[PDB]
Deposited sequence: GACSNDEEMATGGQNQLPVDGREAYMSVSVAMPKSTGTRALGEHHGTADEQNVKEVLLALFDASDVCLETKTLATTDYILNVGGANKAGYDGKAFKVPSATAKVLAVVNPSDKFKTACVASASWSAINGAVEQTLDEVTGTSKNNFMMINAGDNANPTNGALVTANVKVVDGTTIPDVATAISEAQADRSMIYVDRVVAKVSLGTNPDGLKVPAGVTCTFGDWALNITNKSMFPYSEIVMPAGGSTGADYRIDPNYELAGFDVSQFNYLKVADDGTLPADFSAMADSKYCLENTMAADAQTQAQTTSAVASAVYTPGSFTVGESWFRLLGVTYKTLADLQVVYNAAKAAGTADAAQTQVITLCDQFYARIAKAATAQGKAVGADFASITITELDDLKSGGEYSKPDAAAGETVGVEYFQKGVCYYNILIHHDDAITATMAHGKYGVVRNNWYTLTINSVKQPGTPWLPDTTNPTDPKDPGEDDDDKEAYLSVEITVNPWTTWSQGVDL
């Protein structure tokens, strides 16, 4: 300590052609540097000016980032660079704190690590793929003025600038894209099915600034996995993830936007047995599904394996069942399920300040179609022990749930690394075929009677679409 010591740094962003990010995904607003002693204790933090570092983007040094040497404590052994640090990270990462303390798990909103304008992506030391035990911190090439080896500060500065500490950084979030096959979508005979707005579901609420690298068996080079804060199966709780929900007034979550938009999420990984549907990040795709002979955009129904073109056609079956002198098992089940549908529709009508008929036989399609997210209310109430009955595809709208796969070389049932979203990976989802209608309601893989129920295994999920998922490193480009 007390000695004159200098170092220089180069911050290098991910590099490889087709998977370069946008200008906003590589925008730099702030660079924080944390200097650690040999015991991984932070000695000092520094907010870097453009003169203080080399910025290598898309494999090239950016003009205006000078890489001039700067003074550091002589005990500096290791370095951490954080591009666009969140406010929680800036508060945790201070002098006298240890790297273990600074790297504690934290809750973060997506905006806190990407910016509300999606031009402020937090990035941190990438770590070594074939050396996971090494961790995040990079060796600091400190030139200590000792009068012998390094005689003056001018020599320390020239030596530091000729021996920069190269720090590769990774964005802390994953990127996801959704699209349909450009050559056309395969659909059942006579069906029309067009896709609309989408959203990510089951996104992580929390992360480690730097998660530990784990290499799964049968894993691909560059498909490194990570240990996030909700990794083991036993610790599961719905409070750990963000779930898509329709508002009380029937308003869809603001998360839905055009398929032309890419979406981001905190990383979300799992142990092999934790690859369960209530804790796996998924893409929710909305569509308008039109069975053959039906008019596109017109509401249609399904009950007990029977499709009904109109509410009136379904009411014919209900009225016949109610007109029975002594109702049999099939007739009783029709009345039960239409009445369960009616009470949920009546509840939604009240919550939206809208009028509906007095019972299932008296409701009209005009009253139903006027309810915002009307199809959501055909979802059975699992807390009442209800199971799927009436499905109301309001204006033909339905939703699909797509589990996001991670390493495409891993195909075995519930194998480690098969599912997940890892930082700085760009997941591309291409819908190739539609096998059947989705659900009228937003997918819900959780248990309303148990917040610790992790849901069904990911490989038990019923197939509704044929989706091709590719994973690529999310790189940067030089102007």
{"query": "Stretches with no C-alpha position, numbering per deposited sequence from 1", "finding": "1 to 19, 36 to 41, 505 to 508"}
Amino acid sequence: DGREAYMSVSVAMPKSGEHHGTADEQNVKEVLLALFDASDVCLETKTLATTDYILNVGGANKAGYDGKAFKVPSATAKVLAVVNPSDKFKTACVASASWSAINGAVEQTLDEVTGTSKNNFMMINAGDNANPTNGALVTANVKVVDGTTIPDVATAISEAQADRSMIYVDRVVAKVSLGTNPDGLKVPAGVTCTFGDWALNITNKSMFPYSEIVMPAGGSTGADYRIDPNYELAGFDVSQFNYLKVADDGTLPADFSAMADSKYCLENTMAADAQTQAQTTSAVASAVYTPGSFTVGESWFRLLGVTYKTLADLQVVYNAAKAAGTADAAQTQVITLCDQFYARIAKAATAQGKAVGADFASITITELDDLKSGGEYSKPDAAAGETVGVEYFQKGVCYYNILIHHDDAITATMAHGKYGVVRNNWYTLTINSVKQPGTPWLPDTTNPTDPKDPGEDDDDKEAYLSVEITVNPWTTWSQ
From here on, numbers count along this sequence of modelled residues.
query: Mean Cα B-factor comparison, 139 to 147 or 163 to 171, giving the higher one as deposited; finding: 139 to 147
query: 96 to 104 or 153 to 161, whichever carries the higher mean Cα B-factor; finding: 153 to 161
query: Among 397, 270, 123, 323 - the residue whose C-alpha B-factor is largest in the record; finding: 323
query: Residue, from 88, 263, 344, 354, that the PDB entry assigns the highest Cα B-factor; finding: 354
query: Third of chain Cα B-factors occupied by residue 36; finding: middle
query: Position of residue 309 among the chain's modelled residues by C-alpha B-factor, lowest, middle or highest third; finding: middle
query: Ranked C-alpha temperature factor of residue 444 among modelled chain residues, by third; finding: middle
query: Residue 406 - Cα temperature factor, lowest/middle/highest third of chain; finding: lowest
query: Assigned third (lowest, middle, highest) for the C-alpha B factor of residue 245; finding: middle
